[PDB]
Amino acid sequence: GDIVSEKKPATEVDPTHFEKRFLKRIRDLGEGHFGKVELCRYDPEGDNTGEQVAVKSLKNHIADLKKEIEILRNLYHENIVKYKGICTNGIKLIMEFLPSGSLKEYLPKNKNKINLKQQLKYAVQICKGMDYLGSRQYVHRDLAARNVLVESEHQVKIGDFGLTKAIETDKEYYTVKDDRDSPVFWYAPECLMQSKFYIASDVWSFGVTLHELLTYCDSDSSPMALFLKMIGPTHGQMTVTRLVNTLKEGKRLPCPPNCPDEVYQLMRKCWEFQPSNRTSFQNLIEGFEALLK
């Protein structure tokens, strides 16, 4: 008889499945640890009216990107960048696009409109995002101003999760095997010493990020620039060891210009040598709130 064929099943379109053919590159946004992020328009109607999205893709780190995608898929918070979906062995992460970019780009261009009050509001928002991430049992491991996106003049969001790891249930930290290309000038002593990462290690990193925020991400006042002034620039493979000794002595990044001592004291609580002595994200939120109102 006639040719037999398969009954075509009822198909429901997945709003989180972006077709390669419609995902059109505009420009690069940034690079970060084996991945790169691009501005695209997803333009199924082919008329330049589709939504702008941030697309993360790789240049076996496919496995790491897959875990990152799955972490971000299940994070839902006002101060965490929004997952939109995937474009599919290979895969791309699709996220909302925030035109104002990172705090590293934004703050130097917007000093006049961002006063201390607004800086402290951003600080709270970063803390709420981090306290949410820690309540899901993750350590970020890459908290710096360059990874904080500007949604608006009034709102920031944590914008990349390239290094984010789960902490095991009933355990206090994650041991990092891979520690090359580590942001050492943002890292707590236990991270530099023993490759161990606690929620308190993220609190330390937040202190450094707060410093960046208060200096408006001035390149000449960067945590890297200031620490290398402290320890000596040209030491190469000995740099991290000299950094560790500096922190053991009790030395810390100085008070930002025009930063009130009361704000600096909150920052210093992020930088107690022992993780267990550091402030929490919630106590920081209470601290900033008190200085705001």
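Residue numbers here begin at 1 and follow the sequence given. By rigid core we mean the largest C-alpha set that fits within 1.5 Å across both forms.
Undergrad: Could you tell me which of the two stretches, 214-222 or 166-174, has its Cα atoms lying farther from the shown structure in 9 other deposited structures of this protein after fitting on the rigid core?
TA: Farther from the shown form on average in 9 other deposited structures of this protein: 166-174.
Undergrad: If the other structures are each fit on the rigid core, which stretch ends up farther away in C-alpha terms in 9 other deposited structures of this protein, 26-34 or 238-246?
TA: Taking the RMS over all superposed structures in 9 other deposited structures of this protein, 26-34 lies farther out.
Undergrad: At least a third of the other compared entries leaving residue 49 unmodelled, is that the case?
TA: Modelled in all the others, so no.
Undergrad: Does residue 265 have no coordinates in at least a third of the other PDB entries examined?
TA: Residue status for residue 265: no gap in any other entry.
Undergrad: Does the deposited sequence hold unmodelled residues between residue 88 and residue 89, and if so, how many: none, 1 to 3, 4 to 9, or 10 or more?
TA: Some 4 to 9 residues are missing between them.
Undergrad: Select one of none, 1 to 3, 4 to 9, or 10 or more to describe the deposited residues without coordinates separating residue 59 and residue 60.
TA: Going from residue 59 to residue 60, the model skips 4 to 9 residues of the deposited sequence.
Undergrad: Comparing average C-alpha B factors as deposited, tell me which of 122-130 and 138-146 sits higher.
TA: Per the PDB record, 138-146.
Undergrad: On mean C-alpha B-factor from the PDB entry, just flag whether 48-56 or 221-229 is the higher one.
TA: Result: 221-229.
Undergrad: Looking at 174, 106, 97, 186, which has the biggest Cα B factor in the entry?
TA: In this record, 174 carries the highest C-alpha B-factor of the candidates.
Undergrad: When the CA B-factors of 170, 212, 153, 202 are compared as recorded in the entry, which is the largest?
TA: Of 170, 212, 153, 202, 170 has the highest C-alpha B-factor.
Undergrad: Test of reading the entry: by CA B factor among the chain's modelled residues, which third contains residue 276?
TA: It belongs to the highest third of the chain when residues are ordered by C-alpha B-factor.
Undergrad: Considering only modelled residues of the same chain, in which third does the CA B-factor of residue 165 rank: lowest, middle or highest?
TA: Answer is middle: the recorded C-alpha B-factor places it there.
Undergrad: Would you please rank residue 192 by its C-alpha temperature factor against the other modelled residues of its chain and give the third it falls in: lowest, middle or highest?
TA: Residue 192: CA B-factor falls in the highest third of its chain.
Undergrad: Using the B-factor values recorded in the entry, state whether the Cα atom of residue 243 falls in the lowest, middle or highest third among the modelled residues of its chain.
TA: Top third by C-alpha B-factor.
Undergrad: Taking only the Cα B-factors deposited for this chain, tell me whether residue 11 sits in the lowest, middle or highest third.
TA: It belongs to the highest third of the chain when residues are ordered by C-alpha B-factor.
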